[PDB]
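These notes concern the structure reproduced below.
Remember, it's 1-based here, ligands and their atoms both numbered in the order they're listed. The basis for the numbers below is simple: all heavy atoms, side chains too, and nothing from hydrogens, waters or symmetry mates. Note on naming: letters A, B, ... go to the chains in the order of the sequence lines (proteins, then strands), and numbering restarts at 1 for each one.
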Number of protein chains: 2
Amino acid sequence: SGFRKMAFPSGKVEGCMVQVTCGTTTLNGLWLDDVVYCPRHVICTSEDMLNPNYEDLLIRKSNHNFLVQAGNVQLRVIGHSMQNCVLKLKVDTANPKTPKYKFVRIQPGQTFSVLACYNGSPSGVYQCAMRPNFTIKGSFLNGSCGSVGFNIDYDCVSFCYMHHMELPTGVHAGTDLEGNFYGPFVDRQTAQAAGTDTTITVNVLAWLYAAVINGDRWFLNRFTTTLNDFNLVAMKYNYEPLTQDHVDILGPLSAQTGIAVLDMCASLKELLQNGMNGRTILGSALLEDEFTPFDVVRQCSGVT
Amino acid sequence: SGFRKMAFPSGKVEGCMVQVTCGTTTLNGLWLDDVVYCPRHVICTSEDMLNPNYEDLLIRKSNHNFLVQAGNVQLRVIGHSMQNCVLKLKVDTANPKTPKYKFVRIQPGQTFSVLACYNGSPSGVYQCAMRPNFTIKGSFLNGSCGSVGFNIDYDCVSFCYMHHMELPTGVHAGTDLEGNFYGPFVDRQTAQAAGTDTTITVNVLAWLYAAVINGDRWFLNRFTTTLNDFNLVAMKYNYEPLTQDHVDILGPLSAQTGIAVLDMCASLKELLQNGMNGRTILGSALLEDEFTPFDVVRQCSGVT
Ligand SMILES: Nc1cncc2c1CCCN2C(=O)Cc1cccc(Cl)c1
Ligand SMILES: Nc1cncc2c1CCCN2C(=O)Cc1cccc(Cl)c1
């Protein structure tokens with residue numbers, strides 16, 4: 001019983017964190033096998049960030065200009081290349097702590113854990129979601145670049161995010177592990193505005209199912225709705241449209257509780273229209289959208 | 001920028017998790033040096049839990065009746081003793097992954113990270129607080145007993161909690177690593193009710209300072225108050241009384257923001273009296289009390 005914003009155990013990722021310095025810029029790198037992955041803006045000075053030509057700036061850098069430190073020991077850089085917005089530094093030593101891993105590009109609405117790091121050292125772990133506007137609401141300070149986002153399936157770490165940038169609004173942008181930014185963001189010190197941060201409806205529904213499983217049931221109403229009727233309401237409240245794909249994914253939660261997906265949509269519709277009236281659900285006074293239906297099943301079943 | 005409920009990186013604790021089985025009961029153990037610590041109710045059947053005499057039940061158990069498995073390998077139990085509500089199983093092998101560690105008994109209001117485990121395997125990490133009624137609001141399923149709570153200072157893990165029990169209300173109770181329960185709880189299948197779960201005022205104030213640091217400032221008012229006036233309001237809203245010790249601990253946050261502690265108390269007083277009016281602070285529609293002033297300083301400074 002109880003429901004928490006839970007992150008994956010970070011050990012497997014902690015074993016991969018390294019410090020990468022180029023010139024006077026220091027950030028985090030991810031050491032997997034004999035490659036260290038880091039944001040390409042490690043080669044930039046603050047002045048370079050205004051309008052960087054990364055290919056040009058990289059010509060002035062050789063293998064010995066990239067200082068990679070794993071713990072208190074120096075790794076020897078024997079090759080370097082740029083893949084989109086990430087640098088791949090080939091080192092002469094495979095990371096002995098390399099876990100089984102994959103690189104995945106996630107969809108908006110998907111959740112992951114972040115191991116926030118500074119100087120190659122882990123400071124904390126938290127759970128977040130890729131927003132529908134392709135930003136993340138993280139907790140990152142200067143030096144946090146190169147910290148990564150990931151999910152774990154038994155013994156396999158799927159790396160999905162690498163932190164690159166803070167927007168002028170204090171929200172965060174980054175890339176997958178192939179260096180492609182999520183969303184339209186560019187690694188440049190130029191004002192970039194994020195789009196509408198809509199609520200991830202399927203995740204709110206998953207969290208309403210988690211609340212019923214854990215005993216918070218006051219919000220269950222006597223109504224039902226249709227996908228089209230619900231979506232008219234969802235549109236009005238800047239919620240993402242619900243599709244039959246989302247209904248399908250909520251099926252195991254509907255089966256466990258005996259509450260039809262469309263009945264739960266009608267409960268959500270009434271909560272949107274009437275508010276919480278000073279009440280709480282799972283210790284929250286607002287509708288939580290950073291738990292996927294998979295996260296709810298995982299937490300409520302105890303997958304390790 | 002950004003503010004998250006952040007847990008400590010769990011790696012150091014993951015390396016200590018083991019599975020302990022006695023008869024047909026299986027739970028988690030914490031392997032540090034050559035000792036495995038686990039809840040004493042590992043020796044109980046479900047029938048025994050109704051009215052257990054642990055000293056009597058333990059007479060029927062020998063070293064070979066405790067099966068300790070670390071990963072997929074079996075540890076040899078060469079001694080066993082009961083210390084309060086925990087069993088200490090001496091094994092013939094020191095844990096090679098034992099981090100630098102201390103056992104601490106925390107005060108109510110203090111926060112810690114929990115590495116929730118099942119069958120000796122970590123499932124997730126989350127941050128919580130020792131409530132003023134000595135319960136924790138965790139996320140624990142059957143098999144989670146023996147999962148631990150901890151804090152980390154650079155390379156030293158301070159273990160503060162070991163999970164033992166779920167109360168009939170779905171809140172959690174457990175012990176320090178010396179086996180002494182927090183609060184008046186007993187390891188028995190008997191209905192035990194928790195006292196008033198008051199709000200940890202000093203933590204709410206720390207989180208209001210975190211909000212100002214991160215740009216959420218709408219709640220700052222033109223008023224000030226006194227400790228006695230504030231505490232009259234705090235009493236009325238089931239908030240813990242604020243003392244000069246709490247004011248002293250908020251000093252670094254007051255210094256960073258230039259907002260006197262008593263001015264922040266007056267802002268909190270108005271929020272209690274007027275509510276949030278549909279607004280949010282740091283993404284929350286309620287006042288958060290699971291961040292200590294130390295946690296806010298740590299997250300806002302990037303301690304690793
Ligand atoms: N607090 C914080 C969090 N996450 C990143 C950053 C900060 C503060 C300063 C460093 N930083 C950046 O965003 C630096 C940067 C500038 C322009 C483009 C890119 Cl790719 C990066
Ligand atoms: N869901 C859950 C979470 N945390 C613990 C437990 C559960 C469900 C069943 C196991 N369990 C217990 O509390 C078993 C127990 C009974 C009586 C006294 C003590 Cl010390 C322990």
Side-chain angles (χ1 to χ4, degrees), chain A residues 1-2 25-28 38-52 54 85-86 114 116-118 135-147 162-175 179 181 185-192 213-214 300-302, chain B residues 1-2 25-28 38-52 54 85-86 114 116-118 135-147 162-175 179 181 185-192 213-214 300-302:
Chain A
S1 98
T25 302
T26 293
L27 42 65
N28 305 285
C38 77
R40 64 177 181 173
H41 74 256
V42 75
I43 68 177
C44 299
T45 70
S46 297
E47 190 160 328
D48 284 328
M49 295 309 295
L50 303 186
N51 196 5
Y54 288 96
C85 303
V86 298
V114 170
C117 295
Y118 298 92
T135 67
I136 78 171
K137 295 169 170 140
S139 171
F140 290 122
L141 300 175
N142 181 62
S144 62
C145 307
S147 300
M162 173 170 280
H163 185 56
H164 287 240
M165 192 167 68
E166 191 162 79
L167 299 188
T169 54
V171 304
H172 304 110
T175 67
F181 265 90
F185 306 109
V186 297
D187 45 1
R188 180 186 172 176
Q189 184 58 53
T190 199
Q192 299 167 56
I213 290 164
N214 288 278
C300 295
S301 71
Chain B
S1 98
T25 302
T26 293
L27 42 65
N28 305 285
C38 77
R40 64 177 181 173
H41 74 256
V42 75
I43 68 177
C44 299
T45 70
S46 297
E47 190 160 328
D48 284 328
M49 295 309 295
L50 303 186
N51 196 5
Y54 288 96
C85 303
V86 298
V114 170
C117 295
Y118 298 92
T135 67
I136 78 171
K137 295 169 170 140
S139 171
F140 290 122
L141 300 175
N142 181 62
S144 62
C145 307
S147 300
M162 173 170 280
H163 185 56
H164 287 240
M165 192 167 68
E166 191 162 79
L167 299 188
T169 54
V171 304
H172 304 110
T175 67
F181 265 90
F185 306 109
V186 297
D187 45 1
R188 180 186 172 176
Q189 184 58 53
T190 199
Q192 299 167 56
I213 290 164
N214 288 278
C300 295
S301 71

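- Formation of a donor-acceptor pair under 3.5 Å by the A:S144 side chain with backbone atoms of A:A116 is not found in this model.
- Ring geometry for A:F140 against A:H163 counts as parallel: the plane angle stays under 30°, on a 0 to 90° scale with 60° as the upper cut.
- Every atom of ligand 2 with a heavy atom of B:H164 under 4.0 Å away is listed here by number and element: 13 (O), 19 (C), 20 (Cl), 21 (C).
- With rounding to the nearest 0.5 angstrom, the OG1 atom of B:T175 is 8.5 Å from the CG atom of B:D187.
- Contacts between A:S144 and ligand 1 below 4.0 angstrom, taking non-hydrogen atoms only, involve the side chain exclusively.
- Near B:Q189, meaning under 4.0 Å from one of its heavy atoms, ligand 2 places the atoms 16 (C), 17 (C).
- Using a 4.0 Å cut-off between heavy atoms, B:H41 contacts ligand 2 through its side chain alone, with no backbone atom that close.
- An N or O contact shorter than 3.5 Å links A:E166 to ligand 1 by distance.
- There is a protein heavy atom closer than 4.0 angstrom to atom 16 (C) of ligand 1.
- Heavy atoms of A:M49 found under 4.0 angstrom from ligand 1 belong exclusively to the side chain.
- When hydrogens are left out, the protein atom nearest atom 11 (N) of ligand 1 is A:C145 SG, 4.3 Å; that is the closest non-hydrogen contact.
- There is a protein heavy atom closer than 4.0 angstrom to atom 19 (C) of ligand 2.
- Closest heavy-atom contact between A:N28 and A:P39: O-CD, 3.8 Å.
- If you look at A:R188 next to ligand 1, the close heavy atoms, those under 4.0 Å, all belong to the backbone.
- Side-chain atoms of A:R188 never come within 3.5 Å of backbone atoms of A:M49 as a donor-acceptor pair (strictly under, hydrogens ignored).
- For A:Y54 (side chain) and A:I43 (main-chain N/O), no donor-acceptor pair under 3.5 Å exists by modelled atom type.
- When non-hydrogen atoms are compared, ligand 1 lies under 4.0 Å from the backbone of A:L141 (N, CA, C, O) but not from its side chain.
- Within the 3.5 Å criterion, the main-chain N or O of A:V186 finds a donor-acceptor partner in the side chain of A:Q192.
- If you number the atoms of ligand 2 from 1 as listed, the ones under 4.0 Å from a heavy atom of B:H163 come out as 3 (C), 4 (N), 5 (C).
- Inter-residue side-chain proximity for B:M165 and B:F181 is flagged as met; some heavy-atom pair is nearer than 4.5 Å.
- With A:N214 contributing its side chain and A:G2 its backbone, the two residues share a donor-acceptor pair below 3.5 Å.
- The protein heavy-atom contact nearest to atom 10 (C) of ligand 1 is A:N142 OD1, 3.4 Å.
- Of all protein heavy atoms, the one closest to atom 1 (N) of ligand 1 is A:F140 O, 3.1 Å.
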